[PDB]
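Take a look at the structure below.
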Ligand SMILES: Cc1ccc(S(N)(=O)=O)cc1
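In our numbering, the protein residues as written are 59 to 225.
Laid out in structure tokens, this is it:
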């Protein structure tokens, strides 16, 4: 049993909810929240900008030190950093950004990072300002992630479309 509430069950391991990932993290304090990161961990907008704002910029300060030491992530890659006030840990995962011309086949590699964690609160990778089709992102998620993932979708119109169209 876990703390996650109000989710619709899509499969054995994937759950979905119309929820504000920031507000959900603040309520649950999950072991792992996933960030929709870029390779530079520049948390300007989208999910990343919202998560970072909720940490009062502490996520960005930590991230800048990580990049100064290790250099940029790979598209499809990840790193584990602090969850600050939102979670124990933040798994920063880089999905391909279609608005930069990145290979959508890298979305499966991105979701494979989730399998290193037994339970996660996450957004749909490469959705929103990363430009991918969220219906596709949900299909790759279901077909790739084997650990227990709780997906948060802020916009009701998209949430309702994801559920209604789910095979
Ligand atoms: C209308 C809206 C949609 C998505 C988000 S976020 N910060 O989860 O990406 C916020 C507001």
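Yeah, the Cβ is synthetic: ideal placement off N, Cα and C, and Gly gets one too.
Going by DSSP, what residues sit across from residue i in a beta bridge?
i: residue 75; result: 210
i: residue 180; result: 209
Between the options, which lies nearest to residue i when the distance is taken from Cα to Cα?
i: residue 124; options: 170, 152 and 137; result: 137
i: residue 223; options: 204, 203, 205 and 191; result: 191
Helix or strand or just coil, what does DSSP make of residue i?
i: residue 151; result: strand
i: residue 221; result: helix
i: residue 185; result: coil
i: residue 164; result: helix
i: residue 196; result: helix
i: residue 68; result: coil
i: residue 190; result: coil
Closer than 7 Å: is that where the CB of residue i sits relative to any heavy atom of ligand 1?
i: residue 188; result: no
i: residue 181; result: yes
i: residue 105; result: yes
i: residue 218; result: no
Jot down the residue ranges of each uninterrupted beta strand (DSSP E) in the region 87-147, minimum 3 residues, whole runs only, in chain order. 90-94 and 136-140
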